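Single chain ahead, written as structure tokens, the form deposited in one PDB entry.
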């Protein structure tokens, strides 16, 4: 059972049929759609679709009913979503240009109440989770979640992503120590190092595994002893929107890990889910086709890897 903590949101996604090369910026967009989102919602949805046991742990508004149904239909346990008395579910508004560059605004709303969520209640309700993802969230919620994981003996994955630029060096440091996984992208890895003052070795001495996504260059899985697995991307055919691609990779990778797959196979599955999200507009708008999944995995990584991956799904 994987407990996913992080933002729950509605994503208002727009497409600008140009390049962000323009203060009074005005972008004439040719698409506007509203989808389910938030990093925790995305990851929980992806884990549920892939057949994993997952519980969403975040803060939303009373408007969450439909979202809840949508997630429960995919096996996600939403019993422990905090419902705000007053605030609306967070909203992410984003414009993506032809180069997949993005200009976005995030209104937290009910997200600010995630700091009132208590993992002790979740553990008493569902047992101790096999892993807790500490994703982008209310900052205080992120810190309290990590500290409660440490105190209750729960393995956790530090996944600060969008919040890394808004946290101080000390805050980021408090999020990293003891993590079973550390997820960032390459730019975020450099930023984490610069802000915390830690060296690469300093970080690796405190975590069990570093996972660094590299956009089109794939992903690196680095162990504390330097052992590095590089997994290339599942090449894309219909690139459309980058929102939620990292969440998708994390969900696929952690589902594979929970299914007993090795690091490389789990990262290959994560790459598949990531490209499926890249090729759709919303973050949870992708479909799971077992045969197309097997085919694309085999094309990218070989028949043996594809077969071993699809066997556990």
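Positions refer to the first chain, counted from 1. By rigid core we mean the largest C-alpha set that fits within 1.5 Å across both forms.
Beyond what is shown, the protein has a form deposited in another entry; the following relates to that form.
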{"item": "From 102, 162, 116, 240, residue displaced between the shown form and the other one - CA threshold 2 Å or more, rigid core", "value": "102"}
{"item": "Core fit, then residue 28 C-alpha moves 2 Å or more between the shown form and the other one", "value": "yes"}
{"item": "Exceeds or equals 2 Å, Cα of residue 294 between the shown form and the other one, core fit", "value": "no"}
{"item": "Core-superposed C-alpha of residue 305 shifting 2 Å or more between the shown form and the other one", "value": "no"}
